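Just one chain is shown here, as structure tokens, and it is the form deposited in one PDB entry.
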């Protein structure tokens, strides 16, 4: 019964194309992820899992699956549209976002992640392209998967948000992997530029150590016993302070960033604890007791600041 038109191309993958569209029933803008049923599959397993996942997750800061459409030749997942991703948002402000708004975006990111982590969902591929933001200022987590998006177009960002302990063969694939990426997104919102833009596993680890400093048995118990680190022979860097690099962070902000960017996942501040960090004290007591399904903008003391 509810039908849709395609308006524009948002992203394109191997098996799927994502279109911007519009409901003919409601006039609401949607995203239509159309998956080609080339082989005699029914629906492909990936789509079934994506759908079963997004149906079980109900949170204001996770993208909302609105509808599914099956024809003989395609399966289309219909998501509610949001106006921009974070990178587009940055770009529309000449890479200088209102710091109050940065606080709101970070908070909402942390709210969505905390829910995911409570449902045992590791995101594992956080990056600006996966953070969608609407006119109202609501931020929702996506995973575009493949879908290469339609000047910052087509940048290879594969490793930029990857944590150094995982890049050196840690087997602790916990929700804390995301906490490192949160850190990297925070810096990028705060400065408009990526924190650790490495092309290789070796150079990603390098760039990291150029800011955080080279590890030791103090800063990383058992690090010199690691064979891969032993081989990756880096010069001993002295830690630069994060606050100099990102002056727009207050000392609370920089303190939160440092707690996110711990070499090892065991020691990073969690999403839940990060929401209680003093950095967010300006947003009040009410925001912490909101239902999962309620926008933080329901609070009225939460408002988006005009952007330049």
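Think of the rigid core as the biggest set of C-alphas that the two forms share within 1.5 Å after superposition. Positions refer to the first chain, counted from 1.
The stretch of deposited sequence separating residue 150 from residue 151 contains 4 to 9 residues lacking coordinates in this entry. Between 102-110 and 118-126, it is 118-126 that carries the larger average Cα temperature factor according to the deposited entry. Stretches 76-84 and 223-231 differ in mean C-alpha B factor, with the higher average recorded for 223-231. Across the options 140, 136, 162, 206, the residue with the most elevated CA B-factor in the record is 206. When the C-alpha B-factors of 52, 64, 282, 244 are read from the PDB record, the largest value belongs to 244. Residue 212: CA B factor lies in the highest third for its chain, per the PDB record. In this PDB entry, residue 177 carries a Cα temperature factor that places it within the middle third of its chain's modelled residues.
Remark: residue 218 belongs to the highest third of its chain, ranked by C-alpha B-factor as recorded. Among the modelled residues of its chain, residue 7 has a C-alpha B-factor that falls in the lowest third, as given in the PDB entry.
In this PDB entry, residue 169 carries a Cα temperature factor that places it within the highest third of its chain's modelled residues.
Below: the form deposited in another entry, not depicted.
Only one of 192, 213, 221, 145 has its C-alpha shifted by 2 Å or more between this form and the one not shown once the core is superposed, and that residue is 145.
Once both forms are fitted on their core, the CA shift for residue 297 between this form and the one not shown remains under 2 Å. Taking the rigid core as fixed, one finds a CA shift for residue 53 of 2 Å or more between this form and the one not shown. Core-superposed comparison between this form and the one not shown: the CA of residue 16 exceeds or equals a 2 Å shift.
Compared with the form shown here, the Cα atoms of residue 113 and residue 54 sit 3 Å or more farther apart in that other deposited form. In contrast to the form presented, in that other deposited form the C-alpha positions of residue 54 and residue 107 spread farther apart by 3 Å or more.
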